[PDB]
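Top line first, the protein sequences correspond to chains A, B, C, D, E, F and G.
For the first sequence, this note's numbering assigns the number 103 to the initial residue and increments by one for each residue that follows.
For the second sequence, this note's numbering assigns the number 2 to the initial residue and increments by one for each residue that follows.
For the third sequence, this note's numbering assigns the number 572 to the initial residue and increments by one for each residue that follows.
For the fourth sequence, this note's numbering assigns the number 175 to the initial residue and increments by one for each residue that follows.
For the fifth sequence, this note's numbering assigns the number 3 to the initial residue and increments by one for each residue that follows.
For the sixth sequence, this note's numbering assigns the number 391 to the initial residue and increments by one for each residue that follows.
For the seventh sequence, this note's numbering assigns the number 4 to the initial residue and increments by one for each residue that follows.
Before any comments, here is the structure.
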Amino acid sequence: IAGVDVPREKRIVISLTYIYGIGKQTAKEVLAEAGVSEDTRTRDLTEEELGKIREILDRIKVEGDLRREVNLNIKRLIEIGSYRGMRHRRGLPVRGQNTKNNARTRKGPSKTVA
Amino acid sequence: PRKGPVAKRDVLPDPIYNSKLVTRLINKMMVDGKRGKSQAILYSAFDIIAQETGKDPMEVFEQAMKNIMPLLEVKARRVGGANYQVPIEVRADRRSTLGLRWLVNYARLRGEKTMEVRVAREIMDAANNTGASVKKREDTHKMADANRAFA
Amino acid sequence: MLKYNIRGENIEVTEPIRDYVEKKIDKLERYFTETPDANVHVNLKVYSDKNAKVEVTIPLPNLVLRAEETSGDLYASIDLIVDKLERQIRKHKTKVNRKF
Amino acid sequence: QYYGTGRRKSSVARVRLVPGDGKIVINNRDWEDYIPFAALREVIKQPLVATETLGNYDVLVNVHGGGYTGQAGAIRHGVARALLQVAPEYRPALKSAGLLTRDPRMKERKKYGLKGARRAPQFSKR
Amino acid sequence: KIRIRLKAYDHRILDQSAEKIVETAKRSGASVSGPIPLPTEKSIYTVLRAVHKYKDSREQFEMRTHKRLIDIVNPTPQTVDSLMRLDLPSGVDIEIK
Amino acid sequence: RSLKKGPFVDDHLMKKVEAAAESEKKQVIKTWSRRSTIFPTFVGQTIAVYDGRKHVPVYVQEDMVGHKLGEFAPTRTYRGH
Amino acid sequence: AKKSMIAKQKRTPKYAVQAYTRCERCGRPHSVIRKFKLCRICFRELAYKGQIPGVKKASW
RNA sequence: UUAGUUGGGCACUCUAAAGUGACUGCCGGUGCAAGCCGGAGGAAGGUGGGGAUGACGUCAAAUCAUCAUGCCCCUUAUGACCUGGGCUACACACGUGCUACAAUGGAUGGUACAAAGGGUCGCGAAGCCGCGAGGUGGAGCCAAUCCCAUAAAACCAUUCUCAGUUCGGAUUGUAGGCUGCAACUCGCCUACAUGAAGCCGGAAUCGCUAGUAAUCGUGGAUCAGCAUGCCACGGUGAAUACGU
RNA sequence: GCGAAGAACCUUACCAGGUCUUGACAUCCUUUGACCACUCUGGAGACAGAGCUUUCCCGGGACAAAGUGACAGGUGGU
Ligand SMILES: [Mg+2]
Ligand SMILES: [Mg+2]
Ligand SMILES: [Mg+2]
Ligand SMILES: [Mg+2]
Ligand SMILES: [Mg+2]
Ligand SMILES: [Mg+2]
Ligand SMILES: [Mg+2]
Ligand SMILES: [Mg+2]
Ligand SMILES: [Mg+2]
Ligand SMILES: [Mg+2]
Ligand SMILES: [Mg+2]
Ligand SMILES: [Mg+2]
Ligand SMILES: [Mg+2]
Ligand SMILES: [Mg+2]
Ligand SMILES: [Mg+2]
Ligand SMILES: [Mg+2]
Ligand SMILES: [Mg+2]
Ligand SMILES: [Mg+2]
Ligand SMILES: [Mg+2]
Ligand SMILES: [Mg+2]
Ligand SMILES: [Mg+2]
Ligand SMILES: [Mg+2]
Ligand SMILES: [Mg+2]
Ligand SMILES: [Mg+2]
Ligand SMILES: [Mg+2]
Ligand SMILES: [Mg+2]
Ligand SMILES: [Mg+2]
Ligand SMILES: [Mg+2]
Ligand SMILES: [Mg+2]
Ligand SMILES: [Mg+2]
Ligand SMILES: [Mg+2]
Ligand SMILES: [Mg+2]
Ligand SMILES: [Mg+2]
Ligand SMILES: [Mg+2]
Ligand SMILES: [Mg+2]
Ligand SMILES: [Mg+2]
Ligand SMILES: [Mg+2]
Ligand SMILES: [Mg+2]
Ligand SMILES: [Mg+2]
Ligand SMILES: [Mg+2]
Ligand SMILES: [Mg+2]
Ligand SMILES: [Zn+2]
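Okay, structure coming up:
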């Protein structure tokens with residue numbers, strides 16, 4: 103419908119944020135710039151409204167190629183042979199925080215006991 | 002505690018409705034010292050009760066409370082056996098304590114929408130011996146009457 | 572399962588010492604139907620006159636085992652400390668069973 | 175035009191009674207605006223309720239310190255003392271109702287080694 | 003037209019000289035306003051008691067400073083030089099305007 | 391300097407790299423300045439960086455510019471538990 | 004290495020950000036009050052003897 | 001008057017010096033006395049509330065690393081200087097805390113009420129710039145005068161509709177700000193995006209008797225910068241104690 | 001969430017490399033007596049090579065150097 107399917111019963115300011123690259127604030131910007139009010143259900147949208155929305159959205163980065171762009175950034179910094187690249191290989195906290203305790207949303211669940 | 006009985010703290014009667022138990026109910030729905038939230042969610046309840054039913058809110062509250070306050074209650078202790086659930090008569094004061102505790106411990110779990118309603122249709126259910134708190138009192142009475150020999 | 576925190580003051584913790592402590596303390600599991608998960612704590616000190624002191628603490632569910640012993644040899648102190656601990660076990664078990 | 179001074183917690187109110195209608199004014203503001211909530215209004219009226227003198231005086235008050243509840247108690251004490259000031263006869267009714275005693279309850283000191291005034295840190299026995 | 007500020011670590015020593023100033027002023031015919039006790043300033047120092055361990059045991063010391071204030075509105079040179087050549091015990095601080 | 395005042399490089403290393411501008415290019419630059427950022431002028435050269443106990447070699451490629459030298463010279467030795 | 008540390012500390016360092024503070028009676032680096040330039044031990048033992056003006060035990 | 005501002009007054013709060021005041025003192029009962037219970041007057045009644053205060057001694061308890069000292073040891077090094085790293089590692093285990101698991105809530109806009117503190121190699125306002133962290137500027141101030149600093153919960157409106165979501169915020173990519181000669185190992189903060197576990201937590205276990213527990217903020221020491229830690233301050237503010 | 005009322009360098013006491021030897025720190029003898037600073041070159045820096053002065057202050061003192069010696073120096077141990 104707008105690059106990817108969106109919920110029907112939710113307001114468009116809350117529905118547009120289902121795209122990989124649109125959040126609470128840039129959706130507000132798109133809605134304000136186009137002209138639609140942020141309290142209209144998406145099932146009540148006219149065809150001209152969505153038509154106007156689509157190219158405004160497609161001008162800025164879209165859910166599709168952002169994946170590959172960020173992935174190639176990670177690949178660049180991991181093929182160079184830097185500290186962040188070694189962390190990305192090994193799967194450890196890239197930002198400089200401790201790892202004696204609490205590196206769990208990276209290392210995974212608490213593994214089998216030694 | 003160990004030296005002797007200790008005097009209670011008298012509860013100043015609330016405004017608007019001018020009762021005692023209403024303030025002790027407001028003090029029970031309190032969380033983290035937030036007096037205003039409990040006050041609002043109780044006054045809204047006693048107003049919608051009149052809007053829905055057509056009677057004085059305090060009459061519905063009283064005739065729903067009179068069905069929840071238990072009389073007998075099982076206490077695990079010595080005398081008549083080492084913790085054999087001897088049934089005992091709750092004192093006059095302990096009644097309203099248990100009544101409000103059961104009224105609020107179950108009005109938190111009814112589960113439709115905002116609690117500003119969940120407390121009202123529990124008073125309506127208690128006004129005619131139905132719900133969950135009344136079930137709690139009946140269950141406690143059954144268990145108390147089960148041990149009719151250990152007294 | 573038992574978890575041992577072994578500390579050695581004025582001495583270095585050597586693997587045979589660890590194994591001896593592990594087995595001697597593990598012989599304590601026979602007093603329960605269910606093996607607990609409490610943290611056993613052991614401390615080892617040696618003085619200048621060849622005298623050794625060993626302190627053991629075990630926080631059971633509803634019991635606290637503490638035992639310290641000094642003797643001419645470290646291993647003898649370990650054996651006597653085990654005897655002390657089983658003594659507390661029997662005392663507590665008899666008391667709680669009597670208070671049935 | 176008769177003075178009175180009330181204190182509670184960390185709040186001080188200077189109350190003065192004038193014969194008149196009964197309009198209530200707090201710090202150049204109306205009694206329904208400064209303290210909006212309905213039930214935080216009957217506290218001031220109790221000294222004027224324990225005796226039937228509801229519409230016999232207008233109050234002029236100047237208050238500072240504490241939160242909205244504490245200065246309500248302060249202004250209550252102040253208006254009661256002012257009522258005794260106008261008439262040296264109303265003492266039995268109010269002293270009987272316990273409406274003259276100042277609240278000796280104050281926030282309590284903190285203590286080193288404790289997380290609050292009496293709360294102690296957690297400890298373990300397992 | 004002159005304002006005098008007196009501050010010291012002890013009120014007992016302070017107030018003697020504080021008054022000594024007002025008598026030595028008004029004896030030579032000066033219109034003077036009496037001392038006005040300004041708020042004291044007290045500060046707290048908490049230090050661990052032990053040498054190595056035991057953070058839970060501490061000791062607290064305090065240092066509190068007292069202040070006064072004197073005004074003269076219509077002085078004469080005799081009051082000026084009388085106050086100026088008068089000498090106060092060490093332990094007070096006088097800041098003549 | 392992570393502001394807009396400008397980049398940061400120690401003069402005792404900038405001097406060496408810009409004096410190594412000749413076609414010889416056979417002067418491996420030994421350094422202790424791990425904190426110096428990599429300039430586009432570094433492209434081509436080869437720099438040994440001290441990592442605590444030895445000078446490890448780094449070959450300054452195109453996409454390595456902008457970072458800090460100490461990134462490519464790890465200071466901890468980890469193999470596994 | 005103690006008596007050399009005081010001598011280094013009183014010298015002028017290469018850059019300002021390398022300066023630091025030690026107690027003056029004893030050479031203790033940690034927990035030194037800049038009001039007195041004393042540590043937490045040369046303060047306790049020496050305020051008891053009444054050698055710091057103004058400072059007394061607090062009981063409030 | 002832009003309004004305690006301006007002239008004017010210390011009447012009321014307020015600051016702080018000296019006093020009064022509470023001592024079972026009086027009354028009724030009891031006992032024979034110490035004392036016990038009840039009542040009166042009073043702001044306060046039974047050491048009013050809270051601090052400081054820690055007997056002889058026990059654990060050869062802790063500190064030769066705050067300091068001092070006996071004996072031993074090294075003295076072209078076990079003494080001294082410089083740069084870079086390390087104390088910040090990571091298959092795991094234990095202790096103390098912070099934030100959540102939502103509707104007594106989330107989000108948006110309006111608006112009111114504090115106590116205690118710090119400031120001259122220092123605090124740093126108005127004004128303009130920037131969505132924001134912040135930049136430019138320089139007013140006043142050696143401070144009951146000026147600044148940090150229009151407290152947040154609370155209250156009134158609108159919206160969301162019981163979902164792993166308009167809950168939660170981890171983790172990560174990009175672009176910036178401040179301090180510092182320097183921010184990769186290794187700082188704090190901001191903007192866009194990403195969006196994890198988590199739906200009240202087994203056996204067990206801790207804290208608290210009234211302005212306490214709970215909850216919400218504020219200040220300070222260390223400090224160029226860095227606290228969910230430590231020490232203090234107030235706002236709202238409960239339940240229960242039959243009994244050993 | 002203990003010494004630590006606050007580890008990027010310093011703190012720092014640990015490791016790698018480069019360095020010194022009456023010495024980084026004090027009493028003490030000889031003499032020059034202000035050495036000190038500061039500018040440039042070389043080095044990661046400690047440090048070397050030059051240049052400018054040294055008006056020491058009033059025989060005494062403050063500090064320094066040069067070799068000079070008895071000596072210091074240890075966050076080494078219990
Ligand atoms: Mg999503
Ligand atoms: Mg976003
Ligand atoms: Mg960190
Ligand atoms: Mg942990
Ligand atoms: Mg020891
Ligand atoms: Mg044996
Ligand atoms: Mg205490
Ligand atoms: Mg305690
Ligand atoms: Mg602690
Ligand atoms: Mg203390
Ligand atoms: Mg020493
Ligand atoms: Mg230095
Ligand atoms: Mg520093
Ligand atoms: Mg320090
Ligand atoms: Mg004024
Ligand atoms: Mg008598
Ligand atoms: Mg009485
Ligand atoms: Mg007392
Ligand atoms: Mg005493
Ligand atoms: Mg011990
Ligand atoms: Mg020694
Ligand atoms: Mg050699
Ligand atoms: Mg550490
Ligand atoms: Mg959210
Ligand atoms: Mg708001
Ligand atoms: Mg103030
Ligand atoms: Mg400040
Ligand atoms: Mg500060
Ligand atoms: Mg200025
Ligand atoms: Mg501030
Ligand atoms: Mg709803
Ligand atoms: Mg970084
Ligand atoms: Mg789940
Ligand atoms: Mg749910
Ligand atoms: Mg108690
Ligand atoms: Mg009591
Ligand atoms: Mg700071
Ligand atoms: Mg170093
Ligand atoms: Mg030279
Ligand atoms: Mg020269
Ligand atoms: Mg010696
Ligand atoms: Zn010291």
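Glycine residues also receive a C-beta, built at the ideal position from the N, C-alpha and C atoms.
In the DSSP assignment, find the beta strand (DSSP E) that holds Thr48/E and state where it starts and stops.
-> Unbroken beta strand (DSSP E) run through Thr48/E: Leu40 to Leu50.
Using a threshold of 8 Å, is the CB atom of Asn203/A nearer than that to any non-hydrogen atom of ligand 4?
-> Under cutoff, so the answer is yes.
Listed by chain order, chain E residues near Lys59/G by CB distance under 7 Å = Within chain E, the residues near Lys59/G are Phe63 and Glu64.
9 Å Cβ cutoff met for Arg122/B and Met116/B | Cβ atoms of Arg122/B and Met116/B: not closer than 9 Å.
For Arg661/C, the first and last residue of its enclosing alpha helix (DSSP H) = Residues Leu645 to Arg669.
Would the beta-carbon of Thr115/B be found less than 8 Å away from any heavy atom of ligand 31?
-> Checking every heavy atom of ligand 31 against the Cβ of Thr115/B, one is found closer than 8 Å.
Exposed unless 16 or more other CB atoms sit within 10 angstroms - verdict on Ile38/E | Exposed, since its Cβ has fewer than 16 Cβ neighbours within 10 Å.
Runs of alpha helix (DSSP H) wholly within the region 14 to 91 of chain E (minimum 4 residues, chain order) = If we require 4 residues or more, the alpha helix (DSSP H) runs fully inside the region 14 to 91 of chain E come out as 79 to 87.
9 Å Cβ cutoff, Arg215/D in contact with chain B = Yes, because at least one Cβ of chain B sits closer than 9 Å to the Cβ of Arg215/D.
Does the distance from the CB of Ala129/A to the CB of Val115/A come in under 9 Å?
-> Yes. Within cutoff.
Length of the line joining the Cα atoms of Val450/F and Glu461/F | Approximately 12 Å between the Cα atoms of the pair.
Counting pairs of beta carbons, one from the region 202 to 212 of chain A and one from the region 15 to 29 of chain B, are three or more of them closer than 8 Å?
-> No, the region 202 to 212 of chain A does not touch the region 15 to 29 of chain B.
Step through the CB atoms of chain D and report whether any lies within less than 9 Å of the CB of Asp12/E.
-> Taking 9 Å as the threshold, the shortest C-beta distance from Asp12/E to chain D does not fall below it.
DSSP-derived helix/strand/coil call for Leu159/A = Residue state, collapsed to three classes: helix.
Taking one C-beta from the region 135 to 147 of chain B and one from the region 587 to 602 of chain C each time, how about it: are there three or more such pairs within less than 8 Å?
-> In this structure the region 135 to 147 of chain B does not touch the region 587 to 602 of chain C; the number of beta carbon pairs closer than 8 Å is below three.
Do you know offhand how far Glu639/C's Cα is from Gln12/G's?
-> Roughly 47 Å between the two C-alpha positions.
Measuring from the CB of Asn576/C, is there a heavy atom of ligand 20 at a distance below 8 Å?
-> No, the beta carbon of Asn576/C sits no closer than 8 Å to any heavy atom of ligand 20.
Anything in the region 34 to 60 of chain E with a Cβ closer than 9 Å to a Cβ of chain D? List those residues in chain order, please.
-> Under the 9 Å Cβ criterion, the region 34 to 60 of chain E contributes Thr48, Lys57, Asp58, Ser59 and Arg60.
Leaving aside the five residues before and after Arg92/B along the sequence, list all residues of the same chain whose C-beta is less than 6 Å from its C-beta, in chain order.
-> So the list is empty, once near-sequence residues are dropped.
By how many angstroms is the C-alpha of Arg255/D removed from the C-alpha of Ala261/D?
-> Those two C-alpha atoms are separated by around 10 Å.
Mind checking whether the beta-carbon of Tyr208/D lies closer than 8 Å to any heavy atom of ligand 7?
-> False, no ligand heavy atom lies under 8 Å from that Cβ.
Proximity to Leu274/D [Cα-Cα], best of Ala294/D, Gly287/D, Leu222/D and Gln296/D | It is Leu222/D whose Cα lies nearest to the Cα of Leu274/D.
Report all residues for which the CB-ligand distance to some heavy atom of ligand 12 is below 6 Å; order them along the chain.
-> Having a Cβ closer than 6 Å to some heavy atom of ligand 12 are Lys11/G, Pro16/G and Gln21/G.
Note down, in chain order, each residue of its chain lying with its Cβ closer than 8 Å to the Cβ of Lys76/B, except the 5 sequence neighbours on either side.
-> Taken in chain order, the residues that qualify are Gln86, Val87, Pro88 and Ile89.
According to the neighbour-count rule (16 or more other Cβ atoms, all chains shown, within 10 Å of its Cβ), is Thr144/A buried or exposed?
-> The residue is buried, with at least 16 neighbouring Cβ atoms inside 10 Å.
Coil, strand or helix - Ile103/A by DSSP = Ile103/A falls in the coil class under three-state DSSP.
What are the boundary residues of the alpha helix (DSSP H) that includes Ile9/G?
-> Counting along the chain, the alpha helix (DSSP H) containing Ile9/G begins and ends at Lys6 to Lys13.
Since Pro607/C meets chain D, which of its residues come closer than 9 Å, beta carbon to beta carbon?
-> Close partners of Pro607/C in chain D (Cβ separation under 9 Å) are lacking, with about 10 Å as the shortest Cβ gap.
With 16 as the cutoff for other CB atoms within 10 Å, does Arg149/B come out buried or exposed?
-> So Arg149/B counts as exposed.
For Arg37/G, the three-state DSSP class (helix, strand or coil) | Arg37/G: coil per DSSP, three-state reduction.
Entirely within the region 139 to 211 of chain A and at least 4 residues each: give me those alpha helix (DSSP H) ranges in chain order.
-> Annotation: the region 139 to 211 of chain A contains the following complete segments of the alpha helix (DSSP H) (minimum length 4 residues), in chain order: 149 to 161, 165 to 181, 185 to 192 and 206 to 209.
Compare the C-beta of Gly239/D with all C-beta atoms of chain E and state if any pair is closer than 9 Å.
-> Proximity of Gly239/D to chain E, defined by a Cβ-Cβ separation below 9 Å, is not satisfied.
So, helix, strand or coil for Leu49/G, using DSSP?
-> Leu49/G: helix per DSSP, three-state reduction.
Given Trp422/F, which residues of its chain have a CB within under 7 Å of its CB, disregarding the five upstream and five downstream residues?
-> Answer for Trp422/F: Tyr440, listed in chain order.
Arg95/B to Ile17/B span [Cα, whole Å] = Looking at the two C-alpha atoms, the distance is approximately 26 Å.
Taking the alpha helix (DSSP H) that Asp126/B falls in, what are its first and last residues?
-> From DSSP, the alpha helix (DSSP H) with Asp126/B extends over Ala121 to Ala127.
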